[PDB]
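Any read-out appearing in this document is the output of simple, stated calculations on the displayed coordinates, not a laboratory observation. Cβ: placed from backbone, ideal geometry, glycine included. Neighbour counts: every protein chain shown.
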4 protein chains.
Amino acid sequence: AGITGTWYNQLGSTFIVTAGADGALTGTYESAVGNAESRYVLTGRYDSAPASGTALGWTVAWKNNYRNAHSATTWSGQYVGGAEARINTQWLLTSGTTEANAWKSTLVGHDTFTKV
Amino acid sequence: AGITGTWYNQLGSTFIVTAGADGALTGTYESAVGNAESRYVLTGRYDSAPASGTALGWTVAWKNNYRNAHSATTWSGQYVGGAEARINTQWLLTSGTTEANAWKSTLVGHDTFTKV
Amino acid sequence: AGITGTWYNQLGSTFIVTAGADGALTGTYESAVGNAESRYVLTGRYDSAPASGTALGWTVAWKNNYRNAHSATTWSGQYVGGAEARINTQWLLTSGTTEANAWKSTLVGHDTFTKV
Amino acid sequence: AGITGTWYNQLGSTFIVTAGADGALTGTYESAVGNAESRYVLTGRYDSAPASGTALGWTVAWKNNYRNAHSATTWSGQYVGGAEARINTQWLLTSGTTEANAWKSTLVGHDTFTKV
Ligand SMILES: CC(C)(C)c1cc(/N=N/c2ccccc2C(=O)O)ccc1O
Ligand SMILES: CC(C)(C)c1cc(/N=N/c2ccccc2C(=O)O)ccc1O
Ligand SMILES: CC(C)(C)c1cc(/N=N/c2ccccc2C(=O)O)ccc1O
Ligand SMILES: CC(C)(C)c1cc(/N=N/c2ccccc2C(=O)O)ccc1O
């Protein structure tokens, strides 16, 4: 119940996720930023038996039927329930690059998701 | 099956992955370190229509039938094919923590996966 | 003028800094968290001719005359001036470890400093 | 003078460092990549009374007499002495950006410094 729902981050991107009983995360991500259009598939895992926040992570490869940014983002963080449910994350966005440019292929950031 | 196969990181953990034609990564991760025992389910996404490196990412929630570390790792990187194929990643390991310890809930590192 | 002053982060830690004309940052950091007591020396660099925020970074080795945590934090971010002056950062906290534990030696986080 | 010396990262950038008895790191960084030309001033801190690795960090603001990248890199890691001495780091490169591009202002990577 907790994780499953629609969330939004500070950028206004939309994350629709279903937490399966087997610890699977599935849904779609609708981004507000970058070189994206439409929704993108997400897949992740979460601690289906947490103790403390619930650790989770998910990945989006920024490719759908419309665009390809040749990049993928991974969000690693934790779900914290209560009145105000939130997912606090740190993310890595890696772009496919030639060997010469790989040193600067990864962006790091942080996103806070609020459940709607 | 560039990405599909068995890879090993510097630690000697085993990453068995199947890359779907659609951009899905699925498989098992057998760690050689941390508070784990057994194999863990992984899920990810990758650029199924790359340009030079192939962007990808995956998550492992550190819970199996045997144990629960109440944490999850996300790996973000790129697969580089050729004679000596590699997956160069950066990872984020977030532990489920109280709100008091949330500031130090996430570890960052890098992993190089090879087929040897 | 901008950078020089007293700042505080979300944890209530105190950062007292002087920006030199040569791009030098010097001051002391008074932490609210970890295994710290008293002030610690900080040293950093900043873009003394910015265009956009002003890029900067500083390091604190968590050792003073009272305690030693055998760890150092680096904050990398940017100063943004105006009504509400702020320093938005991402940080790395590395602990000295044996070779066996080096894989999990680095914490990553984010701090927002408000000028007082 | 374990740390004091000249080191090179995988890219071939040169790090000339002097470690003060007090925990200060001072020196010059000559990059072999990015938007730079010449040497850059670096400042950092390190654990002057280590336990097994020696925690340290430093910053370089990418501004010299010749150019200004309006960015700064912070390296956080540990020095490991012995026959084949190394400085294993993770770094954060933040560019001064508008508020609109701040979410993607920071790159993350890893550098291994050796004396060869
Ligand atoms: C516009 C589109 C979504 C496809 C796009 C997104 C992108 N990184 N996005 C993000 C990255 C990290 C955290 C959040 C987002 C976020 O979107 O909430 C990079 C290129 C790109 O084209
Ligand atoms: C032992 C067990 C697997 C459960 C476990 C693993 C763990 N992160 N491991 C890793 C993290 C980053 C990169 C590689 C691995 C790797 O293992 O290859 C953290 C806590 C923990 O308990
Ligand atoms: C208590 C003392 C400060 C010495 C201490 C601090 C510490 N990391 N601190 C931080 C780390 C990253 C960002 C901010 C802080 C911050 O303090 O604002 C780790 C061990 C420790 O003992
Ligand atoms: C070329 C010039 C030096 C100015 C420059 C450098 C730069 N980051 N470099 C690095 C970053 C991380 C680790 C090593 C280096 C290294 O150079 O060894 C980013 C933009 C830029 O313009």
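Residues of the range C:59-84 that are more than 10 Å from the chain's Cα centre (by Cα) and farther than 15 Å from D:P50 by Cα: C:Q78, C:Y79, C:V80, C:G81, C:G82, C:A83, C:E84. Among the numbered conditions (1) closer than 29 Å to A:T112 by Cα; (2) more than 16 Å from ligand 4 (Cβ to nearest atom), the only one that B:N88 does not meet is (2).
Okay, residues lined up against (1) within 7 Å of chain C (Cβ to nearest Cβ); (2) closer than 20 Å to C:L25 by Cα; (3) assigned to a strand (DSSP E or B):
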{"site": "D:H70", "(1), (2), (3)": "yes, yes, yes"}
{"site": "D:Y79", "(1), (2), (3)": "no, no, yes"}
{"site": "D:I87", "(1), (2), (3)": "no, no, yes"}
{"site": "D:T98", "(1), (2), (3)": "yes, no, no"}
{"site": "D:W103", "(1), (2), (3)": "no, no, no"}
{"site": "D:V108", "(1), (2), (3)": "no, no, yes"}
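Selection of the range D:29-53 for residues being within 12 Å of chain C (Cβ to nearest Cβ) and either within 16 Å of ligand 3 (Cβ to nearest atom) or out of contact with any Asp or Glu (no Cβ under 9 Å at 6 or more places or on another chain) (or both) yields D:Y29, D:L42, D:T43, D:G44, D:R45, D:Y46, D:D47, D:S48, D:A49, D:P50, D:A51, D:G53. Within the range C:7-22, one or more residues are among the hydroxyl-bearing types (S, T, Y), within 21 Å of D:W58 (Cβ to Cβ) and more than 7 Å from every other protein chain (Cβ to nearest Cβ). Considering only residues in the range A:2-53 that are surrounded by 20 or more Cβ atoms within 10 Å (Cβ to Cβ), away from ligand 1 (no atom under 12 Å from the Cβ) and of a type outside the set (A, V, I, L, M, F, W, C), the one that is farthest from A:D111 (Cα to Cα) turns out to be A:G23.
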